[PDB]
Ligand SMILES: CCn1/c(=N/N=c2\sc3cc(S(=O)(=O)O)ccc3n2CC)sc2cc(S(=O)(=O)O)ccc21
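Before any questions on binding or motion, here is one chain by itself as structure tokens, the form deposited without the ligand.
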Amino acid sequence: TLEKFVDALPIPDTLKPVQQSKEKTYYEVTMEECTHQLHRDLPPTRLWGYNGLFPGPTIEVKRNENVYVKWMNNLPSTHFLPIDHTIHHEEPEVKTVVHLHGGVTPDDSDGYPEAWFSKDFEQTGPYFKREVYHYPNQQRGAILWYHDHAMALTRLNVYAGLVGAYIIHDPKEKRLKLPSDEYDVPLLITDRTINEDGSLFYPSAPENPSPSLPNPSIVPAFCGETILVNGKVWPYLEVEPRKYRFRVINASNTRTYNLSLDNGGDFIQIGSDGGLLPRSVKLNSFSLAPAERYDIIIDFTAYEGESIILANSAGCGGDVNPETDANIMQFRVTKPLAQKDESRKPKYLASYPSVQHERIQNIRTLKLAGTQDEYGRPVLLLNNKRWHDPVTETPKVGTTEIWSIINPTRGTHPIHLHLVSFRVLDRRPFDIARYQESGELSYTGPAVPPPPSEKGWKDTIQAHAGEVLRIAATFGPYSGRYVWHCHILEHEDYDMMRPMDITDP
């Protein structure tokens, strides 16, 4: 097992524009097969990287900044990870498309799974319109991130290394004096399994595969043996004894983390997926499922000299192993102060989302279910529909709906809707055997309103087993063709994803 905390945390450089003016900012990002050492003791690992980097470069934009990105595929024509040809039915093997997660984006710049392109746009999927994506950024300051979304290949192209951070800065938040600049640090967390030769391992089949199974075969879940942050296995970060802001992004395929500091110190949560909370929240720990973001302050002022482990208590296919996946990274409070800490950790951050009083146009009830294929594998389905079935989720532009998500399965699914952020209304336990036998929904306890961490704006939300989760979303300001899906990539690809039409009457 790799020795923990021997590599310094990489800080991705901030991408420089190819062209910028006051009316427009223009970037170019090229997907490249590259090699990078992931740990002191490993040979360099072959990866797919935005601009040949893992993670990709951090993009930083201002609210309402008029941004264009030309995302280019300059990858090999063959993949290096195991492709299952039975999950989707002449197309190029390597297909890519960039989704800016949390982006308030016109539909043809949103990275629709069927808007894929091969190397140099030589072949393009049926929903492809444009090479240069347009991000108007007319939305709250928040932590976003970008990753590959290509139909039936997401779990592989993301696992290969196609992820990066994207920060929107709202200049009206500056007066809050949150830690900034070098004291504001993204933490992109990805679990990986790495072979002795340093090559990525991703399973070609379930363990002890029925001889029925195809080869390769998709697996329902991926749990990595090692944890990386910003592309290094279990790294350390040297910090000054003062306040830092961290943008924590879970960029893992399946794995959920439950994070804490091993010296018992607090996080101060200042933000969720959709931006600043109305009030900061002190937390001893927090759950973070794939695609969720936490915007937090950690105060190292009282901890000079100490080494503090960011620890993880959430299992993935089993309990955490204290020597490995119980560890994320280590902070070392040994860097001298560069200047007085002038940052703040204010209580009052933003307006409450509940100041809004929108009419409920529609209430959808959606179930998380599935079936078994001709090979005996589980196929995960939203409302027992396939991706290819005619669209059923058709909200009207400008209106607000409540979605009631029924989860009678054994696990949590982190549910994500494109375009919008939403409010969490409540969660409520129900009798699973009764639901499965009759389709009748019988509650076993009262509704539970969201904890303070879920009283801001969310875009990816944990829907736990044996519960009904209700959220409220306003669909806008764009109309068009989007998606909603589980953000466990192994579920998403087979087949837990649905189109979503936002209609203009």
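Rigid core (definition): largest C-alpha set, two forms, superposition within 1.5 Å. Residues that one form lacks are left out of the comparison. Residue positions are given as counts along the sequence shown, with the first one as 1.
Chemist: Please confirm whether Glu90, modelled here, goes without coordinates in at least one third of the other compared entries that cover both its neighbours.
Modeler: Across the compared entries, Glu90 is left out in at least a third.
Chemist: Residues without coordinates, deposited sequence, stretch from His89 to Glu90: is the count none, 1 to 3, 4 to 9, or 10 or more?
Modeler: According to the record, 4 to 9 deposited residues lack coordinates from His89 to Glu90.
Chemist: For the C-alpha atoms alone, is the average B factor greater in 163-171 or in 200-208, going by the entry?
Modeler: On average, C-alpha B-factors are higher across 200-208.
Chemist: Would you tell me which stretch averages the higher CA B-factor in the PDB entry, 211-219 or 303-311?
Modeler: Comparing averages over the C-alpha atoms only gives 211-219.
Chemist: Highest CA temperature factor in the entry: which of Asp373, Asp184, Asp148, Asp273?
Modeler: Reading the PDB entry, the winner on C-alpha B-factor is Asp373.
Chemist: Quiz for you: based on the deposited Cα B-factor, which of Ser109, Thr96, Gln356, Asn327 is highest?
Modeler: The C-alpha B-factor peaks, among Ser109, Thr96, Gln356, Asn327, at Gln356.
Chemist: Where does the C-alpha B-factor of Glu33 rank in its chain, lowest, middle or highest third?
Modeler: Middle third.
Chemist: By the recorded C-alpha temperature factor, relative to the other modelled residues in its chain, which third is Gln462 in?
Modeler: For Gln462, whose C-alpha B-factor we compare with every modelled residue in the chain, the answer is the middle third.
Chemist: Going by the CA temperature factor in the PDB record, which third of the chain does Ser438 belong to: lowest, middle or highest?
Modeler: According to the entry, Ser438 has a C-alpha B-factor in the chain's highest third.
Chemist: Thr444's Cα B-factor: lowest, middle or highest third of the chain?
Modeler: For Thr444, the deposited C-alpha B-factor lands in the highest third.
Chemist: Name the third of the chain's ranked CA B-factors that contains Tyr127, choosing lowest, middle or highest.
Modeler: Its C-alpha B-factor, which the entry lists for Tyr127, ranks in the middle third among residues of this chain.
Unshown form deposited with the ligand bound; subsequent notes refer to it.
Chemist: Would you kindly say which of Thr400, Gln269, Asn157, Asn327 lies with a heavy atom within 4.5 Å of the ligand in the deposited complex?
Modeler: Filtering the options by heavy-atom distance leaves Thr400.
Chemist: Have a look at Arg247, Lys95, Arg192, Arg423 for me and say which one sits with a heavy atom within 4.5 Å of the ligand in the deposited complex.
Modeler: Looking at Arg247, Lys95, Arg192, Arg423 one by one, just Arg423 meets the 4.5 Å heavy-atom criterion.
Chemist: If contact means a heavy atom within 4.5 Å, which one of 464-472, 43-51, 26-34, 433-441 is the stretch that engages the ligand in the deposited complex?
Modeler: Answer to the contact question: 464-472.
Chemist: Please determine whether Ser354 contacts the ligand in the deposited complex, using a 4.5 Å cut-off between heavy atoms.
Modeler: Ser354: contacts the ligand in the deposited complex.
Chemist: Is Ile360 a contact residue for the ligand in the deposited complex, using a 4.5 Å heavy atom cut-off?
Modeler: Yes.
Chemist: So which residue among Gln372, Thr193, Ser307, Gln356 shifts its CA at least 2 Å between the shown form and the other one once the core is superposed?
Modeler: Among the listed residues, the outlier is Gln356.
Chemist: Hey, quick one: aligning on the core, which runs of at least three residues have all their CA atoms off by 2 angstroms or more between the shown form and the other one?
Modeler: That run whose C-alphas all shift by 2 Å or more is 354-357, the only one.
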